[PDB]
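Only one structure is covered here, and it is reproduced in the block below.
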Amino acid sequence: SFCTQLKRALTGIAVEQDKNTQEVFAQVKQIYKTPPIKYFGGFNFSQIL
Amino acid sequence: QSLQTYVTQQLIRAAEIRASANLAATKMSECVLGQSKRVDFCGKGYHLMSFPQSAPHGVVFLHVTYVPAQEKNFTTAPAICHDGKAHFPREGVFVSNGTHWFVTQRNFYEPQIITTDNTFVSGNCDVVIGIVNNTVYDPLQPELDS
Amino acid sequence: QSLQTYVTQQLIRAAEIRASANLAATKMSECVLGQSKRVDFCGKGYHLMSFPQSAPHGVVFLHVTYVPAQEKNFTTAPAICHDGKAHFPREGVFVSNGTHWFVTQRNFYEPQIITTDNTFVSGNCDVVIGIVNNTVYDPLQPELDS
Amino acid sequence: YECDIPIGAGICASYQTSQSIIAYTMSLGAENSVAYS
Amino acid sequence: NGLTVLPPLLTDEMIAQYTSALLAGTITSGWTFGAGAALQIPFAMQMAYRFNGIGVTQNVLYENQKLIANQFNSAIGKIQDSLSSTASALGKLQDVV
Ligand SMILES: *[C@@H]1O[C@H](CO)[C@@H](O[C@@H]2O[C@H](CO)[C@@H](O)[C@H](O)[C@H]2NC(C)=O)[C@H](O)[C@H]1NC(C)=O
Ligand SMILES: *[C@@H]1O[C@H](CO)[C@@H](O[C@@H]2O[C@H](CO)[C@@H](O)[C@H](O)[C@H]2NC(C)=O)[C@H](O)[C@H]1NC(C)=O
Ligand SMILES: *[C@@H]1O[C@H](CO)[C@@H](O[C@@H]2O[C@H](CO)[C@@H](O)[C@H](O)[C@H]2NC(C)=O)[C@H](O)[C@H]1NC(C)=O
Ligand SMILES: *[C@@H]1O[C@H](CO)[C@@H](O[C@@H]2O[C@H](CO)[C@@H](O)[C@H](O)[C@H]2NC(C)=O)[C@H](O)[C@H]1NC(C)=O
Ligand SMILES: *[C@@H]1O[C@H](CO)[C@@H](O[C@@H]2O[C@H](CO)[C@@H](O)[C@H](O)[C@H]2NC(C)=O)[C@H](O)[C@H]1NC(C)=O
Ligand SMILES: *[C@@H]1O[C@H](CO)[C@@H](O)[C@H](O)[C@H]1NC(C)=O
Ligand SMILES: *[C@@H]1O[C@H](CO)[C@@H](O)[C@H](O)[C@H]1NC(C)=O
């Protein structure tokens, strides 16, 4: 069962990659969004929004 | 054997990538969702905030930090004697420009008159090494006199 | 070859488990033996304390945290003019319920009258953007008058 | 809905109401605009 | 020869939505959205909170607000130029690939 355990290891790696992305980015409960007005006290976030 | 070599290399590299991803998750939690007191964790300087940006197979943090810019020399003193009492700053440092003494913040030169609000007394003036003689203004005195 | 495969897998998994154990030791040191300012390190919310419990091949942390519950809208202002002087809060935020102004904590609505103890002055009222006009109570005035 | 069985490229599957297997685009969460001024 | 690549579960648009949500929460609510419900606060006052958090009194922020905004905007513009000029910037991700 060399092939089966190689396949198992690769599947585990793939699932781990998905988990890594989920842990890094899905830290926010709700998808917030800024109001249509874009005056944040003089700071200009247009290049990152 | 070639397949086993490939899989072993992939496992080791995946462990490395998982360590990097855990670090990125920690930076997202601390730098982005809050302000971090840890030095050089969220960029060089005093951390103010951070902004995340996605990238192929990774993340990019824009760390906004505060860096002191233009420093000036001053003559400092650990404490100050007024009436045989040693006065220490509540939040700041005693500085002198050559003739007069002020109490300022420790990160931005904003000199102020040394009063009893800025300072607290502790003991006499025979223990502190490097203490200096200066007058500590009392805000209540003119009000009482008036 | 089968034995070598088993040993290599065990070494990689042991490295992963050691990383997890180091994380658990750090959480024991910081969450349990102290109070942590790191965000989301000792649970979601403002960390208060943590309690350890053993488990087969692992540990379980009960993180006690503080979560704000019922938020209310208020009209805020960066500073306040009384006599041509801008007043900033020592520890809190200026809020208004529509007619009157108070200074409160930043995490729990406990409004208080704006006095010279809650605030400090800095400069005139021509620099701050969004400053408002309100009276700053002076505690010493009635005592002097009496 | 929330992802139940990950299929990939943002597509997940679940067993829901008779009952059958349904495929959908996973939901990141409820949108919430903050009343900023 | 049997070697294939599986697509990631989260598409790039979903990652962009996640980063956008984090950014909007940070901008409009400070750090309050990471603890409980997002509590709105004017951005200047949030930056004054940060200045208090690094040991600088908030009147420094309020009296230098335009200068600080200009410095932040210039730094963002320089980040833009650095990314748009130097092709060999994202070394680590390309190394992984
Ligand atoms: C925020 O920055 C962007 C880009 O740095 C500004 O957009 C520029 O605006 C000027 C004048 O309107 C145009 O000539 C440029 O072509 C714009 N560039 C881009 C990339 O759009 C934007 O105006 C800034 N925000 C504010 C409020 O000034
Ligand atoms: C140190 O600082 C003090 C306070 O600012 C200076 O005293 C003032 O100096 C100005 C001249 O720039 C005079 O117009 C004021 O009348 C002075 N005030 C008092 C209370 O004396 C002092 O000159 C500074 N010393 C040096 C060497 O720069
Ligand atoms: C600060 O002032 C005090 C008193 O104004 C000085 O103490 C005097 O020191 C001289 C010389 O040692 C003695 O002869 C006096 O008897 C002391 N007077 C008192 C009331 O203690 C002190 O020396 C001054 N500090 C400095 C650095 O000059
Ligand atoms: C805002 O808060 C102030 C202070 O609590 C309120 O003023 C008081 O209102 C009560 C009525 O609930 C009166 O009995 C008091 O006499 C008021 N005190 C003063 C000093 O005026 C004010 O009504 C509140 N405004 C709103 C719109 O709720
Ligand atoms: C806060 O109060 C001050 C003074 O009570 C106001 O300043 C006056 O503004 C008017 C209109 O611009 C001028 O005609 C007066 O000469 C000003 N007086 C002084 C003493 O400066 C100020 O406008 C008030 N703020 C707001 C927002 O109404
Ligand atoms: C303080 O004085 C020393 C004396 O040599 C000088 O070398 C130094 O540059 C001064 N500091 C500043 C900030 O000018
Ligand atoms: C504050 O007012 C806005 C105005 O639309 C409202 O949407 C929001 O729910 C209010 N906040 C609270 C806590 O009620």
Side-chain angles (χ1 to χ4, degrees), chain D, chain E residues 1-53 58-59 61-63 65-66 68-70 72-73 76 93-94 96-97:
Chain D
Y1 316 90
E2 302 185 18
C3 189
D4 189 6
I5 304 173
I7 289 182
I11 300 295
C12 300
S14 67
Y15 182 79
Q16 291 182 358
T17 70
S18 62
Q19 297 184 321
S20 59
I21 303 183
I22 57 175
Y24 52 86
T25 299
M26 70 153 62
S27 176
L28 306 185
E31 292 194 352
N32 174 25
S33 178
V34 189
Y36 174 86
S37 58
Chain E
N1 298 284
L3 317 180
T4 55
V5 169
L6 310 173
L9 175 59
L10 287 177
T11 51
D12 292 330
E13 181 175 354
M14 294 181 174
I15 312 296
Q17 290 189 40
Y18 271 142
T19 61
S20 167
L22 291 158
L23 203 67
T26 306
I27 294 175
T28 48
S29 56
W31 55 62
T32 62
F33 82 107
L39 312 178
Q40 72 266 16
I41 179 179
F43 191 85
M45 305 190 56
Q46 169 189 170
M47 189 58 61
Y49 285 11
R50 316 271 189 168
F51 267 56
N52 262 332
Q58 49 194 340
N59 69 278
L61 178 275
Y62 287 135
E63 294 167 354
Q65 186 172 342
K66 293 186 176 181
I68 300 178
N70 292 348
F72 172 81
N73 298 5
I76 290 294
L93 315 180
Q94 197 60 42
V96 170
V97 178

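Side-chain atoms are counted along with the backbone in the values below, which use heavy atoms only and exclude waters and symmetry mates. Chain A is the first sequence line, chain B the second, and so forth, proteins listed ahead of strands; every chain is numbered from 1.
Looking at E:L6, there are no atoms closer than 4.5 Å to chain D (heavy atoms on both sides), in backbone or side chain.
Counted within 6.0 Å of CD on D:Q19, heavy atoms from surrounding residues, nucleotides or ligands total more than 12; the atom is thus considered enclosed. Heavy-atom contacts from other residues, nucleotides or ligands closer than 6.0 Å to CD of E:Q94 number 12 or fewer. Enclosure of atom CG in E:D12 is not indicated, since only 12 or fewer non-hydrogen atoms of other residues, nucleotides or ligands lie within 6.0 angstrom.
Distance check, rounded to the nearest 0.5 Å: CE of E:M14 to OG1 of D:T25 gives 6.0 Å.
A pairwise comparison of heavy atoms in D:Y36 and E:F43 identifies OH-N, 3.2 Å as the closest pair. Counting all heavy atoms, side chain and backbone alike, D:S37 lies closest to E:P42 at O-CG, 3.8 Å.
Contact count versus chain E (heavy atoms, under 4.5 Å) is highest, among D:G10, D:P6, D:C12, for D:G10.
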